[PDB]
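This document starts with one chain, in the form solved without this ligand, laid out as structure tokens.
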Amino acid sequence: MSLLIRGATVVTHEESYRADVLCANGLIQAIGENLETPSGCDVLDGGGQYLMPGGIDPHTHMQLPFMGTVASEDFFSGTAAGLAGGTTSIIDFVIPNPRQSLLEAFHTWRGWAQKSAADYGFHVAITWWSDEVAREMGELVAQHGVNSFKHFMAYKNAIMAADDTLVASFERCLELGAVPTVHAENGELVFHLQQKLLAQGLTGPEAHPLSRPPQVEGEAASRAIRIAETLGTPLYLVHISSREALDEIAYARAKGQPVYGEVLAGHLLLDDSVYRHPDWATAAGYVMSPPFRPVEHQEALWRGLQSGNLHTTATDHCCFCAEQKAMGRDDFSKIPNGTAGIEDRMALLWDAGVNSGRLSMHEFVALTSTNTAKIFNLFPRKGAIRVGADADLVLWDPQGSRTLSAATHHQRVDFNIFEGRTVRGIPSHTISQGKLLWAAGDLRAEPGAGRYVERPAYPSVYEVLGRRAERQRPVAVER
């Protein structure tokens, strides 16, 4: 018990309509025009606003230990700041060291995430292979609510998976009904260009984009895609930044292949000139992988969203303050990679996509929660306004205004990649598991309030794959 949102237009991934919505006991209890108020149930007035599923950010790195160091944003600050921005759940990554047990890395991460203010889940990264990793994956799916496994195709000599691994792991994912996910950059090429730029003496952040140009993403997307086609698995590609990688996804989808693509707001709105800023720390602030790209790539990504070839939005929320960035003051390859975004994603997208008329409100919802839930088999528990669904919601004021700044954001990091940008259309209120956790300026997150969210295996795409595999079965010739 008990929270009634009254007066709003409910906006789903597919329709708009006027209704009141009642939350109790973490769930949406009722939806209708003029609902009755249970006694002492709190009431939020939503006249002239839109009430939508709360955002799900399927790509966070809260307090990740990475590139000599540990991300500035912990599970609490991170998940809180997300709430302030209308995001109600995350999926983060367990990234074991190579040769490290997955169940061990997984219990370590569950540890770190217990302090979450909002619902959370994990993908598990496959950073090495053995019969043991195969075994443990099965357990994570059977016992621990994991149904998606990440592969890094870059970060050579660190966590990179090569073809022999990708093949073995993807086959395992097929066996388990789990979704393979990939960070698609060709690692040998990145490694090769990094050395060559450093050997020429190019050590600045401006050399970061040059060390990993768009065709390096395109290559790796092609390869992850064709391994998935060849093994009979779906595939989810994280943070697509390039035309080249988008074209591979469209090409595969165009042949009937289940491939999904995620995009970050930064890759929709920023270009690679940012790395040439006169101030080192500013430029360094933008360093993440894949990097920001020449302008023609933004337009292409927008169209991918408009055409159904890109499916989800996310942030790759991986915060490093200036002093951490400056670990690579003399060597761009040692700047810790990552930008902040959890709090800003929904407003950035609404303002650039809906106000401009590129995206309908419905696509906005699809791209901010529902597609993610459907892909990872959380629908209709999440990303849905219906009776029985988790009461994760955001109330949106289309005329409200906000100016993005590191000075004022709830993200624990001293840099914002959209510093000074002003957006129209903001989350006035955010509701997580039935509770009002952000209210016109007031953040009310509390450590440990979040739950761990299990995702069942075998999303329905695996039924279709199953029937195809059966129909395609090889038949010997008799002689």
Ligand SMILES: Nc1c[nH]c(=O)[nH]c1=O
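Residue numbers run from 1 along the displayed sequence.
This next part talks about the form deposited with this ligand bound, which is not shown.
Residues within 4.5 angstroms of this ligand in the entry with it bound, judged by any non-hydrogen atom, belong to 57 to 65 and to none of the other stretches in 42 to 50, 57 to 65, 408 to 416, 425 to 433. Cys318 is the sole member of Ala220, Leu393, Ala178, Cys318 with a non-hydrogen atom within 4.5 Å of this ligand in the entry with it bound. Among the residues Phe379, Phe76, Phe152, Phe332, the one placing a heavy atom within 4.5 Å of this ligand in the entry with it bound is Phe152. Although the partner is absent here, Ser72 lies well away from this ligand in the entry with it bound, with no heavy atom inside 4.5 Å.
Contact annotation for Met288: at least one heavy atom lies within 4.5 Å of this ligand in the entry with it bound.
Although the partner is absent here, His183 is a contact residue: one of its heavy atoms lies within 4.5 angstroms of this ligand in the entry with it bound. The shortest heavy atom separation between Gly338 and this ligand in the entry with it bound is within 4.5 Å.
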